[PDB]
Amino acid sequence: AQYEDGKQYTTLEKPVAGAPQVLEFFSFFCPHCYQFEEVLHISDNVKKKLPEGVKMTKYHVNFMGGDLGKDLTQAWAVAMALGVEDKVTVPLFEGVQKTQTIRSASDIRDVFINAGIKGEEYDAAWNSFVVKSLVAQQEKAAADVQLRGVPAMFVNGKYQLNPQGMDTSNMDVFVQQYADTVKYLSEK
């Protein structure tokens, strides 16, 4: 066939019921994730090709960057709760990987302040139980699928994107293949 299990995707042995339709995992410490976000705009091109009625979820993971990695999962929970993902994603990536000016939770906080979220508002979110459960959700979703690597995308808790099995000669063609695969799996 044109799309083959073990080629553009793998199938989970252990399917995850009640899973978000399109579930993406990343780390601000993850170098291909940086590419996926700022050079390839994967999430965005997937959304563009996805049918309607489909929600996309994106979660941060703990297994990279030790203590700062965990702070970043909590900060992403704050981002999701305040709905400011599109304002902090790029500066968090560049602060961690490009400029290396993120070294502590206070530095993560500075990125939000500079993006215009208020101190009070950020610190209140940071400490809120709503953020606690949001962090739990990120962890549970990663735990559900045995996740030891990012970037990663899962469709309907049963299929996992396999970018290694796509051509990377051309970044544009790579992105479309990736997105067409998500759409194919979506319709499955």
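Residue positions are given as counts along the sequence shown, with the first one as 1.
Per-stretch averaging of Cα B factors for 28-36 and 48-56 places 48-56 on top. Per the PDB record, of the two stretches 168-176 and 7-15, 7-15 carries the greater mean B-factor over its C-alpha atoms. Comparing the listed residues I42, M64, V135, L147, the entry records the largest Cα B-factor for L147. The entry lists C-alpha B-factors for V130, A142, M153, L68, and the highest of these is at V130. The PDB entry assigns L185 a C-alpha temperature factor belonging to the middle third of its chain's modelled residues. For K87, the recorded CA B-factor ranks within the middle third of the chain. Only modelled residues enter the ranking. The PDB entry assigns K118 a C-alpha temperature factor belonging to the highest third of its chain's modelled residues.
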